[PDB]
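Asker: opening piece of the complex, as it sits:
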Amino acid sequence: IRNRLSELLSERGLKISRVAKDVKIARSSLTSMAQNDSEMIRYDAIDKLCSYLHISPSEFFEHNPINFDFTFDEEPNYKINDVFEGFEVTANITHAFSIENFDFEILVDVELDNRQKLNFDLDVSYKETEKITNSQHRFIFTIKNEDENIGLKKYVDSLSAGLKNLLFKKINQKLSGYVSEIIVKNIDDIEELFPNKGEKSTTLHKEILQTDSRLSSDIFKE
Amino acid sequence: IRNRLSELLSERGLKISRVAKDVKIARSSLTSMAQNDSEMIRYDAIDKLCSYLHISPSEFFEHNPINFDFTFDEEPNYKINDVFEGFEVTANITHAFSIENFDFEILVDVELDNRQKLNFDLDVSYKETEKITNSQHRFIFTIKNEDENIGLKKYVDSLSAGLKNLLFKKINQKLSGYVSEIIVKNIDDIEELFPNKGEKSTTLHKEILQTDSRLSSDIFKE
Amino acid sequence: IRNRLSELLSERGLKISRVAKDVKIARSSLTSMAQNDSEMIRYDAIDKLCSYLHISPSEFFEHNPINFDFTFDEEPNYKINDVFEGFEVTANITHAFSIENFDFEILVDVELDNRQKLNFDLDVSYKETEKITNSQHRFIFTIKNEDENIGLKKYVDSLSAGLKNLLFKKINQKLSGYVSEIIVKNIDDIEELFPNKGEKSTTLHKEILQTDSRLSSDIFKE
């Protein structure tokens, strides 16, 4: 689950740097652990933080027994047309290529407190290559059978907002990694001849891996 | 703070192996984490255990805001006579050498919930090289000013029995490491020519490092 | 803390050279120690000066128990555009480059007489590259959250004017060193091909290190 550090210091009003100066914990590690993204934590860290904030681990750690495990299709139904519109001169994923379609199945083995586990199948298809900035884009996917997985949404929204955001992050990150992996195997290296802004030269590979595809559906609104 | 895994599974009656088969966590790592000795843990690990045991992290982690930080003398008052009574032929620390005296100061900065911190000085002297087995010995130390640090004992016993045992472990381990470090720098290598039992050949260095010196005083009974 | 030599000899009307001739102390060392900048002092020096001025160390050492410790961001939010305006031909920091922005956090752990310590966070941003002379410039920074640190200012102004000036010096010097360090790592050597006044040829590095950036805010007026 996730440490409630972000919620804790938001309530306290303190800053990560201020906490780090107090508990003698490295700023980078502490700020990363402040975010729920960190997958590992140290007992030293939990001791120092719980003491500094004068709180038991109960408040420090937010846990919901409902475990959401996600599995993706070994082979997806993916078609990626290659349209090389000067990607090397303009670093836009659109200029490098375009997803004709990308549909596959995401199996979610939602587990309650009891070992009883319910599996939900998600027919997820690529919908649009949303352009967040002129520099980078975010692939957007959509669940065709989301109406079938209405019970899944009931379970998702049954959790805390922080835990809901943590799931959304986990889903987005897994999906991004999966999509970037598939595309990088399907699309040849398209090195950017001119560094972007002249600051650094990044190959299409670096762009697609950097590209973060967040699923969009009523199942996962926030 | 310590994970109460040992207490949790003792209450449940379950075995570490049984839990590992259930939560898909490596037996060695899980059994080490079951002991309070582990200094690191994973959010995935706490998620899986809290869910398996159907309990909030409150029960999973036991935290007392009273932090006991220990510091040792850079230079101790140590005298170690060398009496080489055939250590190579008989692997007994006594055969290798003997501590004439080993006294030094252990500063404990006990911190309450408030930043108010109280420091207790421990005049700790070597008392006896207790022989746990015919193979290995445990150095025993004693606090001369333990009566002065009666307030420290009041704070120690004010904690939970599990946390008290964790402190005793931490103190013993730090003291062992310190003593072995000093001795190994003061005593030349006395390799054991004949492997002990023929199973393996271990040098005096390996024996003293293996040697675990546990402090003995009314301050720390259990 | 600071020696009051400057204030002492200003009151006496005597000159540093005159004092040095009297107490047999090296002019350079004594004049440096006359300024509060020197961080080290000799017992012989305090004996000779206290005797010469016929005063107890009370009047020599101005001490206020309020300790102001300053810490800076390991990584700052700094953007430094490079403008190649002939720095070599003209030794002006503006000609070498320009700070687009330089904001970061300065943590001040103000400590009262009691160990109780209060930490103040300073969002400090580069404001203007003030040109003190045609030869050199002083970078000027400003505290965005200075209004939040109004209590800090209350503590600053609660000290003596000499001690206030000493803090301002310390803050300026730390800030200058920090800024020059960051810039010298970010900007390549721009050696000056033609020496100005033919006295010496100085690389931009020497100029930026020589450049002294003094923070400007209502927190620190004098």
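Answerer: Sure, I can see it. Numbering: from 1, shown residues only, chains lettered A, B, ... in the order given.
Asker: tell me the secondary structure at residue A:99.
Answerer: strand (DSSP: H, G, I helix; E, B strand; the rest coil).
Asker: please enumerate the helices of chain A.
Answerer: Applying DSSP state H to chain A gives helices spanning A:5-12, A:16-23, A:27-34, A:43-52, A:57-60, A:93-96, A:150-157, A:161-186, A:204-210.
Asker: tell me the centre residue of chain A?
Answerer: residue A:173 (2.7 Å; Cα atoms, centre = their mean).
Asker: the residue sitting furthest away from the middle of chain A: what's it in contact with?
Answerer: The outermost residue of chain A relative to its centre, with distances by Cα atoms, centre = their mean, is residue A:54 at 31.6 Å. By Cβ atoms under 8 Å, 6 or more residues apart in numbering or on different chains, the contact set of residue A:54 is B:65, B:113. Yep, even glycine has a C-beta here, placed from its N, CA and C like the rest.
Asker: for chain C, what are the nearby residues on chain A?
Answerer: Contact residues, chain A versus chain C (Cβ under 8 Å from any Cβ of the partner chain): A:15, A:17, A:18, A:21, A:22, A:27.
Asker: and the third one, how far is that from residue C:103?
Answerer: Read it as residue A:18. Going from residue A:18 to residue C:103 by Cβ to Cβ, to the nearest Å gives 17 Å.
Asker: now do residue A:15
Answerer: 14 Å.
Asker: flag every residue of chain A that's near chain B.
Answerer: A:1-3, A:38-44, A:46-47, A:50-51, A:54, A:56-58, A:60-61, A:63, A:65, A:67, A:111, A:113.
Asker: would you list the buried entries among those?
Answerer: A:1-3, A:38, A:41-43, A:46-47, A:50-51, A:56-58, A:60-61, A:63, A:65, A:67, A:111 (16 or more other Cβ atoms under 10 Å in any protein chain shown).
Asker: for residue A:33, which residues are in contact?
Answerer: A:3, A:5, A:41, A:45.
Asker: residues contacting residue A:42?
Answerer: Counted by Cβ under 8 Å, 6+ apart, residue A:42 has contacts B:39, B:40, B:41.
Asker: ok so, going back, as TSV, the contacts of residue A:33 with distance to residue A:139 would be great.
Answerer: TSV is the format used below for the contacts of residue A:33 (distance: Cβ to Cβ, whole Å):
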residue	distance to residue A:139
A:3	30
A:5	30
A:41	31
A:45	35
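Asker: let's add chain D too:
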Amino acid sequence: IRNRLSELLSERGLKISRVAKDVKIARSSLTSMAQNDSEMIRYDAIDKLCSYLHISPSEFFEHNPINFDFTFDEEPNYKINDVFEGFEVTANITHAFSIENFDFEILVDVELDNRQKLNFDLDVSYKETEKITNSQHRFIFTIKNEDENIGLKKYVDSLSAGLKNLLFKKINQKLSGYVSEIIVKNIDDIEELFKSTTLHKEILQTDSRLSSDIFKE
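Answerer: Next up, chain D placed on what we already have:
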């Protein structure tokens, strides 16, 4: 000038290590500075100590406007007798040799708070050798003209006990270096055959102390 950190800690019973941890200063430096042995002090050190001990620098630095300066004769009146026998058994300067005479005048200026300063001349002659240890013997010099130094005793004991001890330490070191410089040049090194020491090194280690009614400690 007398650091009272040492005295202050004895007052409060605070261990040197405890203070060093609290004020984030090296134990070695703090203990060296505790008896005002080091002749250099950091502004940071005194600031931290004053804040930590809740004291003004007045209770740390004790200064008596009075100043003492000691000048030794460029040429002393000394005679040497070298036995060269018995040094070998165990480090012992007395068996190796001894100083038959070592009478010399030391010009001491006791400066008052008023610019005027008082010059007092004390003549110290070799009295005997102190067997502080079998390894080390400290030469003893007695003041012949203690009559001229009656006011010297009054000024000396007019200072605080710590300051007196400081003076005694300084004069002892100065006398020891003076006599060692004078003697080592006229003394051939004797190897300590019975970890390796040369009679020269013995001379360097051997010190000297002025035993007189003017300086009893």
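Asker: follow-up on the earlier one: against chain D, how distant is the residue farthest from the centre of chain A?
Answerer: Counting by Cβ to the nearest Cβ, to the nearest Å, the gap from residue A:54 to chain D is 22 Å.
Asker: count the residues that sit near residue A:106.
Answerer: 21 (other Cβ atoms under 10 Å in any protein chain shown).
Asker: would you confirm that it contacts residue A:141?
Answerer: No. Residue A:106 lies out of contact with residue A:141 (Cβ atoms under 8 Å); the separation is 9.2 Å.
Asker: ok so, going back, tell me who's in contact with the residue lying closest to the residue nearest to the centre of chain A once chain neighbours are set aside.
Answerer: Using Cβ to Cβ, 6 or more residues apart in numbering or on different chains and skipping the chain neighbours, the partner closest in space to residue A:173 is residue A:212 (7.7 Å). Neighbouring residues of residue A:212 by Cβ under 8 Å, 6+ apart: A:138, A:172, A:173, A:176.
Asker: can you pull the contacts of the last one?
Answerer: With contact taken as Cβ under 8 Å, 6+ apart, residue A:176 is in contact with A:139, A:211, A:212, A:213, A:214.
Asker: and the last one, bridged to which residues?
Answerer: Read it as residue A:214. Assessed by DSSP bridges, residue A:214 has beta-bridge partners residue A:140.
Asker: ok, it touching residue A:140?
Answerer: Yes. Using Cβ under 8 Å, residue A:214 is in contact with residue A:140, at 7.0 Å.
Asker: now residue A:85, nearest residue through space, not along the chain?
Answerer: Nearest to residue A:85 is residue A:95, by Cβ to Cβ, 6+ apart, at 4.5 Å.
Asker: and for that neighbour, the neighbour number?
Answerer: Neighbours around residue A:95, by other Cβ under 10 Å: 18.
Asker: pick out whichever of residue A:214 and residue A:140 has more residues nearby.
Answerer: A count of neighbours by other Cβ under 10 Å puts residue A:214 above the other of residue A:214 and residue A:140, at 18 against 14.
Asker: so what's the more buried one up against?
Answerer: A:138, A:140, A:168, A:172, A:175, A:176.
Asker: so the third one touches residue A:219, yeah?
Answerer: No. Taking Cβ under 8 Å as the contact criterion, residue A:168 and residue A:219 are not neighbours in contact, 10.0 Å apart.
Asker: can you slot in chain E too:
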Amino acid sequence: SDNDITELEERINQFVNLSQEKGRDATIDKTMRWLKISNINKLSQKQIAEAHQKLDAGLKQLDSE
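Answerer: Let me put chain E in with the others:
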């Protein structure tokens, strides 16, 4: 372009002399280093024109100085 190299040489020497007139030590090798040219005699015309831009700007700045 021997006519261009004379114009470039005259301006760079003029720049050196003005620097010396300003009291700033100047040497031709350094002003050549500013142009970062290996041989002034043999150079592409566009580079002579590009060099001029450097010298004229620098020459003017010492005037302001």
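Asker: chain E added, so what about the contacts of residue A:42 now?
Answerer: B:39, B:40, B:41.
Asker: same thing but at 7 Å, please
Answerer: B:39, B:40 (Cβ atoms under 7 Å, 6 or more residues apart in numbering or on different chains).
Asker: cool, and residue A:53?
Answerer: Applying Cβ under 7 Å, 6+ apart, the residues near residue A:53 are A:8, A:12.
Asker: so how far is chain D from the residue most central in space within chain E?
Answerer: Nearest to the mean C-alpha position of chain E, counting by Cα atoms, centre = their mean, stands residue E:12 at 2.7 Å. Distance, residue E:12 to chain D, by Cβ to the nearest Cβ: 54 Å.
Asker: now that residue: closest residue in space, sequence neighbours ignored.
Answerer: residue E:31 is the one closest to residue E:12 (Cβ to Cβ, 6+ apart), at 4.6 Å.
Asker: for the one you found, which three-state class applies?
Answerer: State at residue E:31, reduced to three classes by three-state DSSP: helix.
Asker: mind checking how far it is from chain B?
Answerer: Distance from residue E:31 to chain B, by Cβ to the nearest Cβ: 61 Å.
Asker: next, count neighbours for that residue.
Answerer: Around residue E:31 there are 25 residues (other Cβ under 10 Å).
Asker: hang on, isn't it packed against residue E:15?
Answerer: Yes. Counting by Cβ atoms under 7 Å, residue E:31 does reach residue E:15; the two are 5.5 Å apart.
Asker: my guess is residue A:50 contacts residue A:57. True?
Answerer: Yes. In this structure residue A:50 lies within contact range of residue A:57 using Cβ under 7 Å: 5.8 Å.
Asker: shared neighbours of the two, which are they?
Answerer: B:1, B:63.
Asker: all helices for chain E, in order.
Answerer: Under DSSP H, chain E gives helices at E:2-22, E:28-35, E:45-64.
Asker: how near is the residue nearest to the centre of chain A to residue A:157?
Answerer: From residue A:173 to residue A:157 the distance is 20 Å (Cβ to Cβ).
Asker: check contacts around residue E:55.
Answerer: Taking Cβ under 7 Å, 6+ apart, we find residue E:55 in contact with E:11, E:12, E:15.
Asker: ok, residue A:115 next?
Answerer: Taking Cβ under 7 Å, 6+ apart as the test, residue A:115 contacts no residue whatsoever.
Asker: need phi/psi at it.
Answerer: phi -60, psi -20 (degrees, to the nearest 10).
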